[PDB]
Structures are given as C-alpha cells and as structure tokens.
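**Student:** these are from a larger complex, still in place; more later:
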Amino acid sequence: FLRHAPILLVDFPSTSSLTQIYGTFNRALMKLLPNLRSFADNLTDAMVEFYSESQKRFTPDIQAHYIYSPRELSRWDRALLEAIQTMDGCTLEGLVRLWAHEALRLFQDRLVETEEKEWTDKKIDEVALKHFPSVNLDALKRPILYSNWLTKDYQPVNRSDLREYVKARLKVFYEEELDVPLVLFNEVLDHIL
C-alpha cells in the first residue's frame, strides 16, 4: 500500500513557531482589553512556556492520556476569548486568575496522583509570576473556581457562596428526581463546574 502513498512526518510546532503562531492569536485577543494590550506578548510566553514545561513533565509513559499538543493551546485561547468577551472590562489581576483557571482544567484535570496535580499548581504560579510581575499574587489564590449560576456573567465564586447555593438548587433535584442526599464537598464542586 505505502508504495503508492508518500508520507509526510508532522511533529509539534517548534517552541519558536508556537510563540509566533499562538502568540499572534493573543496580540489580537488583547484588543478587548486595551488597558492590558501591553501584556499580549506576555500572556503568550506564559502560555507556551507552561504548555511546553508540562508536555515534558507528563509524558505518555507515566500514563496514556498524558498526551499534549498545540490543540491544548487553542482550547486555552478560545477559552480566554470566550471569557473576556463577557466582561465589562478586565484587569491585569482578572486575566491572570482567568489564565490559571483554563490552564488547570487543561493540564491538571487529567492528572491522577495528587503528587502530579500538586506539581501542576506550583508550576502554574511559577510561570505566572515569572511573566506577570505586576500581578497581585492573591489573584492566583486557590481554590480557583468560575461559575455563572450566581453572578450575572462569568465571574469567580467562593466555595461557600457556591455550595450554599448548589445545596439549595439541589433541594429541588431531590423531589424532582432521585432523592440522593449528596454531600457537597470540595471535590464535588470542582466537578459540577
């Protein structure tokens, strides 16, 4: 079969190509935030550096689903966009905390051993603080959550204000469906979102 089929190997966009490829998507994405339009390139680096750093830390060896690629960056950007487009003006602080979120749900939600997930978190900040010095560190403070079942648009929510809510909205799920008294605890919340 191959005799008639010419092959063409395709690896991952060289670290340089990614900063120019995905780097652009951002420089155009930061127009929805003129005030932060001076961090476009910054957002990029932190995005590509984190991705790269992780792709290596988590190889297909330690586990199968530990596969990465630029596709993660797009899901990351589209995520940054979709979120921004619904905010009456963002801030350097908001960007970082919103940046870390998408990074988590992309490179952490797949991890298994707490040791790995723990690593992912300390690295996410190491890179964030390394590219965003003017940040208000507390902007990366855990736990990082984002819900819209409370705030008008896509805004951060604290465990309490959220669980105290889901718990109530849950009271309906009881008589309207299966009466399974669920104990809204840490993990549970991270999942429902």
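**Tutor:** Received, thanks. Residues are numbered from 1 along each chain as shown, chains lettered A, B, ... in the order given.
**Student:** for chain A, what spans make up the helices?
**Tutor:** A:15-29, A:40-57, A:70-84, A:92-107, A:114-131, A:159-176, A:186-192 (DSSP state H).
**Student:** now the ones you listed in JSON lines, with mean neighbour count and distance to residue A:9?
**Tutor:** From N, CA and C alone the C-beta is placed, and that goes for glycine too. Output for these, formatted as JSON lines (neighbours: other CB atoms under 10 Å; distance: least, CB to CB, whole Å):
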{"stretch": "helix A:15-29", "mean neighbour count": "16", "distance to residue A:9": "15"}
{"stretch": "helix A:40-57", "mean neighbour count": "20", "distance to residue A:9": "18"}
{"stretch": "helix A:70-84", "mean neighbour count": "17", "distance to residue A:9": "16"}
{"stretch": "helix A:92-107", "mean neighbour count": "21", "distance to residue A:9": "26"}
{"stretch": "helix A:114-131", "mean neighbour count": "16", "distance to residue A:9": "30"}
{"stretch": "helix A:159-176", "mean neighbour count": "12", "distance to residue A:9": "47"}
{"stretch": "helix A:186-192", "mean neighbour count": "12", "distance to residue A:9": "39"}
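**Student:** Of all these, which one is nearest residue A:63?
**Tutor:** Checking the helices of chain A against residue A:63 by CB to CB gives helix A:114-131 as the closest, at 8.9 Å.
**Student:** Touching, residue A:148 and residue A:155? I think so.
**Tutor:** Yes - contact criterion CB atoms under 8 Å: residue A:148 and residue A:155 qualify, at 7.2 Å.
**Student:** put chain B on too:
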Amino acid sequence: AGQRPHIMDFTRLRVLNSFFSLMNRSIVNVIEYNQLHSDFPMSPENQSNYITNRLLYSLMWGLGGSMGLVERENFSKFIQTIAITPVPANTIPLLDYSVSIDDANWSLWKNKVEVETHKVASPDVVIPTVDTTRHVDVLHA
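**Tutor:** Adding chain B to what we have so far:
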C-alpha cells in the same frame, strides 16, 4: 536516505514516487508558467536553474518526507554538500530554503499574518508560518 531511519518502513518505490511526484510538479510548474507569460515565456538559461535546483528540493521532501524533524535536517545538508550546482552554506539547512519559480534561487522559506478579534484560535484561521507554507508546497505536488 535508505540508511536513515523513517517513521514508516523505508520502501524504494515509496520515496521515489514521493520524489517523482515532486520532481514532476517542478516540471508542470514551468509548463503553466508559460501559459501565462505567453509574451515572456520561460528561458533556456533561467529554466536550467529552476529544474536543477528543484530536483534537489524534491529529493529531501520525497525521500525524506517520512523522516523525523531533526533527522530530515541532516538529510537536507547531505544533499547540499553533494549538489555540485550552486547551494547555500551548511550553516543553514537546505530544508529551510525553497526555490523561486522566477529567479530560481535558494530563497529561505522564512520569507513567506493578522487575525480578527472575534475569530481568534478558531478551526479555520491557520496562522501562516515557515512549516505551514513549507508543507503546503509538498502537499500540493
């Protein structure tokens, strides 16, 4: 090219076809290149440069297309040293270069960009780069 390791078992005909398919595209390129410049057709002297160079081009992509990213580079340099005809210095892989259908010269690919706010990292929008515009030429043939 055979001694080199590929991602899929090296088979004489496979690479030659990939090569022939590419070497033929180089030819067709001149075939149509004249169906346009009827008043300014190709030229015996200049055409000689294109074909002679394009051949070397096809060799690396046709016989080295299935080669690794790093592996492919070394291969292109091997084709340079040998190539008796004009070829750049080994300081830059021949893989990074192409060939102008016009002045038929080893013009680095690097010489060949705006996205719209609402359509950022989206399916279609394919930010053009070296690799991008480079693989295209090969996929065309």
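**Student:** Show me where chain B has its helices.
**Tutor:** B:12-33, B:44-62, B:69-82, B:130-140.
**Student:** The longest one close to chain A?
**Tutor:** Yes - applying CB under 8 Å from any CB of the partner chain, one finds that helix B:12-33 is in contact with chain A at B:13-15, B:17-18, B:21.
**Student:** residue nearest the centroid of chain A?
**Tutor:** For chain A, residue A:102 is the residue whose C-alpha lies nearest the centre (CA atoms, centre = their mean; 1.1 Å).
**Student:** quick one: contacts for that residue?
**Tutor:** A:75-76, A:79-80, A:83 (CB atoms under 8 Å, 6 or more residues apart in numbering or on different chains).
**Student:** And the furthest pair within those?
**Tutor:** A:75 and A:83 (12.4 Å).
**Student:** Pull the contacting residues for residue 104.
**Tutor:** Since no chain was named, I'll use chain A. Residues near residue A:104 by CB under 8 Å, 6+ apart: A:120-121, A:124, A:144.
**Student:** That was the other one, I meant chain B.
**Tutor:** Counting by CB under 8 Å, 6+ apart, residue B:104 has contacts B:46-47, B:49-50, B:53-54.
**Student:** rerun that using 10 Å as the cut-off
**Tutor:** Under the criterion of CB atoms under 10 Å, 6 or more residues apart in numbering or on different chains, the neighbours of residue B:104 are B:30, B:43, B:45-54, B:86.
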